[PDB]
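Worksheet for the structure shown next.
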Amino acid sequence: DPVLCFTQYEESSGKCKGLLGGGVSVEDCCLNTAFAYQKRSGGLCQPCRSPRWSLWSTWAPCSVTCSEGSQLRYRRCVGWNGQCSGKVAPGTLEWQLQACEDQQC
Amino acid sequence: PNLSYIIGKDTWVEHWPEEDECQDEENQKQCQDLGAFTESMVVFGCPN
Amino acid sequence: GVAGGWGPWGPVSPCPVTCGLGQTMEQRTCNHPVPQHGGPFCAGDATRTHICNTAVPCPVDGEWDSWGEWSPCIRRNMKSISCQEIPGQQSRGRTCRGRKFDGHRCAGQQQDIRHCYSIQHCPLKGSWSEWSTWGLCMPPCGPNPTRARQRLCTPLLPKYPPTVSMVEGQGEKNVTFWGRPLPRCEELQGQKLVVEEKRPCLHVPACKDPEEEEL
Amino acid sequence: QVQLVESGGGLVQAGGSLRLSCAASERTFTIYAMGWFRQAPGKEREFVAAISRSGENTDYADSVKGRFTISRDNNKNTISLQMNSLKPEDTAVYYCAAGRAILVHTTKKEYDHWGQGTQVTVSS
Ligand SMILES: *[C@@H]1O[C@H](CO[C@H]2O[C@@H](C)[C@@H](O)[C@@H](O)[C@@H]2O)[C@@H](O[C@@H]2O[C@H](CO)[C@@H](O)[C@H](O)[C@H]2NC(C)=O)[C@H](O)[C@H]1NC(C)=O
Ligand SMILES: *[C@@H]1O[C@@H](C)[C@@H](O)[C@@H](O[C@@H]2O[C@H](CO)[C@@H](O)[C@H](O)[C@H]2O)[C@@H]1O
Ligand SMILES: *[C@@H]1O[C@@H](C)[C@@H](O)[C@@H](O[C@@H]2O[C@H](CO)[C@@H](O)[C@H](O)[C@H]2O)[C@@H]1O
Ligand SMILES: *[C@H]1O[C@H](CO)[C@@H](O)[C@H](O)[C@@H]1O
Ligand SMILES: *[C@H]1O[C@H](CO)[C@@H](O)[C@H](O)[C@@H]1O
Ligand SMILES: *[C@H]1O[C@H](CO)[C@@H](O)[C@H](O)[C@@H]1O
Ligand SMILES: *[C@H]1O[C@H](CO)[C@@H](O)[C@H](O)[C@@H]1O
Ligand SMILES: *[C@H]1O[C@H](CO)[C@@H](O)[C@H](O)[C@@H]1O
Ligand SMILES: *[C@H]1O[C@H](CO)[C@@H](O)[C@H](O)[C@@H]1O
Ligand SMILES: *[C@H]1O[C@H](CO)[C@@H](O)[C@H](O)[C@@H]1O
Ligand SMILES: *[C@H]1O[C@H](CO)[C@@H](O)[C@H](O)[C@@H]1O
Ligand SMILES: *[C@H]1O[C@H](CO)[C@@H](O)[C@H](O)[C@@H]1O
Ligand SMILES: [Mg+2]
């Protein structure tokens, strides 16, 4: 299946930067492993590097503004051809849940 | 001061590879031992 | 009022890159009619772009894997130095993985040696630590996440010299302890090694997939 | 691979104009994005202007924007730097540079091929 080929993966935001254009296979676009690909302008930009976990995102706002709550942060396996650490396909995620406290009373 | 080191039957010579040749899988373990022995002999000596 | 137009397209550029995808071009000029005293501006673009494909894979430089396990803190051609005032050494190994297609070899030392004492299976006196910082709510996204903190029997490390100066080239070594000791302490709540406690996390938010959230 | 020959320098009065030209190798001309640099007495080499392989996309340093104009002639394997309103601080050896670019509208600031240079001296 053809795909849009981009020249740069930003990684700080997960965006596909520098459109080389389209009408080309995923194998030929990911010969250069510094490139990236996505389908149309819908999103999910995957780099052509071997699959590796991205950076943990910032902690979400606490579920209540009073007493003990719970907050989440994500991490998305980004890459192509292979798996991340833990039998994880490219596109799947991993969460960390932590108890927060905006106001202690 | 014209001392000369002559190579004979009691002399022993082995190549210590460069950094990229050590990354080959045969010279992987070889560069480990010759590097450890360098530290082993400037720290511990002989125990005989 | 003269209407300008495009001229002949020039020679196409060869494919710049030897691997992967690249981009070629053709150049045209607005030189044959030329807009004079006004008019338009030739209508369109003076440049076409096209993707060229060489169909051959590209170099990838090797990366270091994580360090291995430390070797035992013993002496070569001796015995062991467990429960003794003897500083020893131990080694550790890395592996270069992922180097393909004439890529760059891994840069750095593939071995790591540091100095050590040995408290492997050593009976050491202990004291209970204070309550650790509350862990993560596990399992996240699963049914009923719970935190966990714990107190563990921390061994009293013996007051040895942390800095041992050797001679030869006068090299002084930051010496650190290695091994799994046997910490001796009084029982707390029917347990000798580690006593923990769990508390459920309150107001757990539901996990929504970010690709399912954007859409 | 590619060779670069600058021309057009000389001694100009302050406020005057000068047009530099840079000839590159003919068979490999449209492959390389090109630009201008300069190195003043006692100073590091600094970026002046860049042009893509197209001649349609340009980039300029803030010190020369509005005064200098870079152009490209893809018929005659040359680029040009039209320098207007010259000041004594523009006195430098001006270098033509060439660099491999995948995209044809990309302007570069990093270049791996350099000419021998042309001397421009501006007197007040
Ligand atoms: C050998 O030890 C020194 C001392 O610094 C550390 O010593 C430990 C015993 C412990 O107290 C630890 O908290 C302390 O950081 C290392 O030197 C530097 O020391 C400064 C002073 O605090 C630290 O701020 C630095 O982080 C530290 N490291 C640097 C500058 O790289 C030293 O690194 C260490 N190793 C060697 C090979 O000498
Ligand atoms: C964040 O700020 C706090 C000061 C509250 O105003 C929060 O609103 C809710 O207030 C009720 C009591 O009126 C509590 O029971 C809730 O826990 C709290 O969410 C506000 O969201
Ligand atoms: C031509 O031959 C190929 C076999 C590769 O060795 C190519 O190397 C790659 O060149 C492009 C730029 O031309 C870079 O993006 C790559 O990083 C590089 O690996 C060579 O050009
Ligand atoms: C998330 O967790 C830590 C930072 O908290 C690092 O290991 C890394 O940034 C990971 O992405
Ligand atoms: C959440 O926790 C702290 C801020 O409270 C930081 O490490 C970071 O912003 C993380 O997302
Ligand atoms: C140039 O481009 C096209 C022909 O390729 C037309 O729109 C028109 O002739 C214009 O001059
Ligand atoms: C260039 O493109 C085509 C020929 O390939 C024509 O429309 C015309 O000659 C233009 O100059
Ligand atoms: C091994 O050594 C330390 C961790 O002990 C880090 O520098 C790194 O993870 C390396 O692989
Ligand atoms: C060697 O040292 C300790 C084990 O005593 C840990 O930090 C780790 O296992 C390392 O490999
Ligand atoms: C652990 O428990 C208490 C401190 O909590 C003391 O009796 C002693 O430190 C024991 O090791
Ligand atoms: C944990 O519990 C309390 C503090 O919450 C104290 O008794 C002590 O710090 C213990 O470690
Ligand atoms: C966990 O709970 C609170 C922080 O939310 C503190 O009492 C302490 O840090 C404990 O480990
Ligand atoms: Mg003896």
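Ordering of the structure tokens sets the chain letters (A, B, ...); residue numbers start at 1 within each chain; ligands are numbered from 1 in the order shown.
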
Mind listing as a ChimeraX atom specification which residues of chain C are within 7 Å of chain D, counting only C-alpha atoms? /C:13,16-17,22-25

At most 12 Å from ligand 5 (only C-alpha atoms and all ligand atoms): residue list as an MDAnalysis selection string: chainID A and resid 55:62 70:75 96:102

Counting only C-alpha atoms and all ligand atoms, what are the residues, protein, DNA or RNA alike, that approach ligand 11 to within 9 Å? I want them as a PyMOL selection string. chain C and resi 128-132+150-151

Once you count only C-alpha atoms and all ligand atoms, which residues end up within 8 Å of ligand 1, and could you hand them over as a PyMOL selection string? chain C and resi 162+173-174

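Of all the residues in chain B, the ones DSSP labels as alpha helix (DSSP H) from the backbone are residues 19, 20, 21, 22, 26, 27, 28, 29, 30, 31, 32, 33, 34, 35, 36, 37, 38, 39, 40 and 41 of chain B.
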
Each chain C residue no farther than 10 Å from ligand 8, nearest pair in Å, only C-alpha atoms and all ligand atoms, as CSV:
```
residue,atom,partner,partner_atom_place_in_ligand_line,distance
C:64,CA,ligand 8,11 (O),6.9
C:65,CA,ligand 8,11 (O),6.2
C:66,CA,ligand 8,11 (O),3.7
C:67,CA,ligand 8,1 (C),4.1
C:68,CA,ligand 8,1 (C),7.6
C:69,CA,ligand 8,5 (O),9.2
C:70,CA,ligand 8,5 (O),9.6
C:92,CA,ligand 8,1 (C),8.6
C:93,CA,ligand 8,1 (C),8.7
C:94,CA,ligand 8,11 (O),7.2
C:95,CA,ligand 8,11 (O),9.4
C:110,CA,ligand 8,11 (O),9.7
C:111,CA,ligand 8,1 (C),9.8
C:112,CA,ligand 8,2 (O),8.4
```

Contact set, chain C to chain B: 12 Å, only C-alpha atoms, as a tab-separated table (two decimals) with C-alpha atoms, in the first residue's frame:
```
chain	number	residue	atom	x	y	z
C	62	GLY	CA	25.02	0.61	15.31
C	63	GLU	CA	23.87	1.56	18.80
C	64	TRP	CA	25.02	0.37	22.20
C	71	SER	CA	31.13	-10.09	37.17
C	75	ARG	CA	40.41	-12.32	42.52
C	76	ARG	CA	41.67	-14.13	39.43
C	77	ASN	CA	43.65	-17.29	40.39
C	78	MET	CA	42.76	-17.07	44.09
C	79	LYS	CA	39.54	-17.71	46.05
C	86	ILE	CA	39.78	-6.72	50.54
C	87	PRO	CA	39.04	-4.34	47.64
C	88	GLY	CA	38.69	-6.27	44.38
C	89	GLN	CA	37.60	-5.64	40.78
C	90	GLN	CA	34.77	-6.69	38.48
C	91	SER	CA	33.99	-6.29	34.78
C	92	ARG	CA	30.92	-5.59	32.65
C	93	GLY	CA	30.18	-5.97	28.94
C	94	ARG	CA	28.21	-4.19	26.21
C	95	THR	CA	27.06	-5.38	22.79
C	96	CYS	CA	26.84	-3.30	19.61
C	97	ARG	CA	23.55	-4.12	17.87
C	98	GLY	CA	21.79	-2.78	14.78
C	99	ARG	CA	24.76	-1.96	12.52
C	102	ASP	CA	28.42	-0.27	6.06
C	103	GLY	CA	27.14	1.81	8.99
C	104	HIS	CA	29.35	3.31	11.65
C	105	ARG	CA	30.67	1.00	14.34
C	106	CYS	CA	29.77	1.75	17.95
C	107	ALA	CA	31.87	4.46	19.59
C	108	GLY	CA	33.09	3.88	23.14
C	109	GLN	CA	34.52	1.24	25.44
C	110	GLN	CA	32.70	-2.09	25.25
C	111	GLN	CA	34.06	-3.07	28.68
C	112	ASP	CA	33.76	-1.41	32.08
C	113	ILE	CA	35.81	-2.26	35.17
C	114	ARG	CA	35.24	-0.79	38.64
C	115	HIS	CA	36.56	-1.59	42.09
C	164	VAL	CA	41.84	2.73	48.05
C	165	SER	CA	45.05	4.16	46.59
C	166	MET	CA	47.13	1.72	44.59
C	167	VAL	CA	50.68	2.45	43.45
C	168	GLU	CA	52.22	1.61	40.01
C	169	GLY	CA	50.88	4.78	38.38
C	170	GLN	CA	49.31	6.09	41.64
C	171	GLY	CA	45.70	5.33	40.72
C	172	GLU	CA	43.04	5.88	43.38
C	173	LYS	CA	39.77	3.96	42.94
```

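Neighbouring residues of residue 46 (chain A) at 6 Å or closer, counting only C-alpha atoms and skipping chain neighbours under 4 positions away, are residues 36, 37, 78 and 79 of chain A.
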
Using N, CA and C atoms, can you export the residues from the last selection as a PDB file, in the first residue's frame?
```
ATOM      1  N   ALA A  36      10.117   9.286   7.639  1.00  0.00           N
ATOM      2  CA  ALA A  36       8.891   8.957   8.358  1.00  0.00           C
ATOM      3  C   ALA A  36       7.732   8.888   7.374  1.00  0.00           C
ATOM      4  N   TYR A  37       6.660   8.207   7.785  1.00  0.00           N
ATOM      5  CA  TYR A  37       5.508   8.025   6.913  1.00  0.00           C
ATOM      6  C   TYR A  37       4.203   8.152   7.692  1.00  0.00           C
ATOM      7  N   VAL A  78       6.880   3.985  18.776  1.00  0.00           N
ATOM      8  CA  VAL A  78       6.982   4.556  17.438  1.00  0.00           C
ATOM      9  C   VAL A  78       8.076   3.827  16.666  1.00  0.00           C
ATOM     10  N   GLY A  79       7.791   3.499  15.413  1.00  0.00           N
ATOM     11  CA  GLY A  79       8.765   2.817  14.586  1.00  0.00           C
ATOM     12  C   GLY A  79       8.102   2.036  13.467  1.00  0.00           C
TER      13      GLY A  79
END
```

May I have the residues within 8 Å of ligand 10, computed using only C-alpha atoms and all ligand atoms, as a short mmCIF file (atom, residue, chain, number, x, y, z; two decimals) with N, CA, C and O atoms, in the first residue's frame?
```
data_model
loop_
_atom_site.label_atom_id
_atom_site.label_comp_id
_atom_site.auth_asym_id
_atom_site.auth_seq_id
_atom_site.Cartn_x
_atom_site.Cartn_y
_atom_site.Cartn_z
N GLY C 126 21.41 -5.42 60.62
CA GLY C 126 20.52 -4.59 59.85
C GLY C 126 19.63 -3.72 60.73
O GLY C 126 19.59 -3.87 61.96
N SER C 127 18.93 -2.81 60.07
CA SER C 127 17.95 -1.94 60.69
C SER C 127 16.85 -1.70 59.67
O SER C 127 17.13 -1.63 58.47
N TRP C 128 15.61 -1.62 60.14
CA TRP C 128 14.48 -1.37 59.24
C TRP C 128 14.55 0.04 58.69
O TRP C 128 14.75 1.00 59.44
N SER C 129 14.38 0.16 57.38
CA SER C 129 14.29 1.47 56.77
C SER C 129 12.92 2.08 57.08
O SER C 129 11.99 1.41 57.52
N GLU C 130 12.81 3.39 56.84
CA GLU C 130 11.52 4.06 56.92
C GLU C 130 10.65 3.69 55.72
O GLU C 130 11.09 2.97 54.81
N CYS C 153 14.60 -4.61 55.41
CA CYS C 153 15.72 -4.77 56.34
C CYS C 153 17.00 -4.33 55.64
O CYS C 153 17.63 -5.10 54.92
N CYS C 185 17.94 -8.84 61.32
CA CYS C 185 17.15 -7.85 62.02
C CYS C 185 16.02 -8.55 62.76
O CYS C 185 15.68 -9.70 62.46
N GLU C 186 15.45 -7.85 63.74
CA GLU C 186 14.31 -8.36 64.49
C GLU C 186 13.06 -8.30 63.61
O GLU C 186 12.94 -7.42 62.75
N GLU C 187 12.15 -9.26 63.81
CA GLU C 187 10.88 -9.31 63.10
C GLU C 187 10.02 -8.09 63.41
O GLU C 187 10.02 -7.57 64.53
N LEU C 188 9.27 -7.63 62.41
CA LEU C 188 8.37 -6.50 62.59
C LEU C 188 6.92 -6.98 62.68
O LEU C 188 6.32 -6.97 63.75
#
```

Would you mind listing what lies within 8 Å of residue 98 (chain D) as a count of residues only, with only C-alpha atoms counted and same-chain residues fewer than 4 positions away left out? 8

Give the residue list for ligand 6 at 8 Å, counting only C-alpha atoms and all ligand atoms, as a ChimeraX atom specification, sorted by chain and then by residue number. /C:4-7,42-45

Export, as a CSV table (one decimal), in the first residue's frame, the selected residues with N, CA and C atoms.
```
chain,number,residue,atom,x,y,z
C,4,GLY,N,2.0,37.0,-20.8
C,4,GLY,CA,3.1,36.1,-20.8
C,4,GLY,C,2.8,34.6,-20.6
C,5,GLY,N,3.7,33.8,-21.0
C,5,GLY,CA,3.5,32.4,-21.0
C,5,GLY,C,4.8,31.6,-20.7
C,6,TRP,N,4.7,30.3,-20.5
C,6,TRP,CA,5.8,29.5,-20.2
C,6,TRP,C,6.6,29.0,-21.4
C,7,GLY,N,7.9,28.9,-21.2
C,7,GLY,CA,8.8,28.4,-22.2
C,7,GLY,C,9.1,26.9,-22.1
C,42,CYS,N,2.4,34.7,-16.3
C,42,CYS,CA,2.7,33.4,-16.9
C,42,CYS,C,1.8,32.3,-16.6
C,43,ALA,N,1.0,32.4,-15.5
C,43,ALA,CA,-0.1,31.5,-15.0
C,43,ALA,C,0.5,30.1,-14.6
C,44,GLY,N,0.8,29.9,-13.3
C,44,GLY,CA,1.3,28.7,-12.8
C,44,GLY,C,2.5,28.7,-12.0
C,45,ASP,N,3.4,27.7,-12.1
C,45,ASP,CA,4.6,27.6,-11.4
C,45,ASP,C,5.8,27.4,-12.4
```

Distance-based interface of chain C with chain A, 9 Å, counting only C-alpha atoms, as a ChimeraX atom specification: /C:19-23,50-51,53-60,98,134-141,145,147,201-205,207,209-211,214-215

Please run DSSP on the backbone and report, as a PyMOL selection string, all residues within region 31-87 of chain A that come out as strand (DSSP E). chain A and resi 36-38+46-47+52-53+71-78

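Near ligand 7, the residues found within 12 Å are residues 5, 6, 7, 8, 9, 10, 11, 12, 25, 26, 27, 28, 29, 30, 31, 32, 44, 45, 46, 47 and 48 of chain C (criterion computed using only C-alpha atoms and all ligand atoms).
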
Across C:18, C:49, C:176, C:146, the smallest distance to ligand 9, with only C-alpha atoms and all ligand atoms counted, is shown by C:176

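Here CA of residue 116 (chain D) stands at a distance of 17.3 Å from CA of residue 49 (chain D).
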
Quick one: residues within 10 Å of residue 96 (chain D), only C-alpha atoms counted, chain neighbours fewer than 3 positions away excluded, as a ChimeraX atom specification? /D:4-7,20-24,34-38,49-50,79-81,111,113-118

For those residues, write C-alpha atoms to a file as a PDB file, in the first residue's frame.
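Listed below is the output, out-v4.pdb:
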```pdb
ATOM      1  CA  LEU D   4      33.816  26.649  -7.919  1.00  0.00           C
ATOM      2  CA  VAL D   5      35.318  29.854  -9.371  1.00  0.00           C
ATOM      3  CA  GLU D   6      34.334  33.271  -8.000  1.00  0.00           C
ATOM      4  CA  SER D   7      34.656  36.539  -9.916  1.00  0.00           C
ATOM      5  CA  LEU D  20      29.756  38.852  -7.899  1.00  0.00           C
ATOM      6  CA  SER D  21      29.441  35.706  -9.997  1.00  0.00           C
ATOM      7  CA  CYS D  22      30.261  32.071  -9.257  1.00  0.00           C
ATOM      8  CA  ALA D  23      30.929  29.478 -11.958  1.00  0.00           C
ATOM      9  CA  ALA D  24      30.428  25.809 -11.068  1.00  0.00           C
ATOM     10  CA  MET D  34      24.460  26.975  -3.542  1.00  0.00           C
ATOM     11  CA  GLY D  35      25.155  30.087  -1.521  1.00  0.00           C
ATOM     12  CA  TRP D  36      27.472  32.919  -0.541  1.00  0.00           C
ATOM     13  CA  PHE D  37      29.692  33.312   2.524  1.00  0.00           C
ATOM     14  CA  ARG D  38      32.215  35.936   3.581  1.00  0.00           C
ATOM     15  CA  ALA D  49      22.900  34.341   1.234  1.00  0.00           C
ATOM     16  CA  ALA D  50      21.620  30.992   0.031  1.00  0.00           C
ATOM     17  CA  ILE D  79      24.827  32.124  -9.466  1.00  0.00           C
ATOM     18  CA  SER D  80      25.106  35.827  -8.696  1.00  0.00           C
ATOM     19  CA  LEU D  81      25.182  38.145  -5.677  1.00  0.00           C
ATOM     20  CA  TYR D 111      28.036  23.249   2.701  1.00  0.00           C
ATOM     21  CA  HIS D 113      32.332  22.417  -1.242  1.00  0.00           C
ATOM     22  CA  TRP D 114      34.039  25.816  -1.256  1.00  0.00           C
ATOM     23  CA  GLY D 115      35.722  28.064  -3.803  1.00  0.00           C
ATOM     24  CA  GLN D 116      38.988  29.935  -3.425  1.00  0.00           C
ATOM     25  CA  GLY D 117      37.248  33.281  -2.936  1.00  0.00           C
ATOM     26  CA  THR D 118      37.051  36.799  -4.337  1.00  0.00           C
TER      27      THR D 118
END
```

Could you jot down the CA of residue 45 (chain A) to CA of residue 26 (chain A) separation for me, Å, one decimal place? 12.5 Å

Neighbour list for residue 86 (chain D) as JSON, numbers by chain, cut-off 6 Å, only C-alpha atoms, skip fewer than 3 positions in-chain: {"D": [14, 15, 16]}
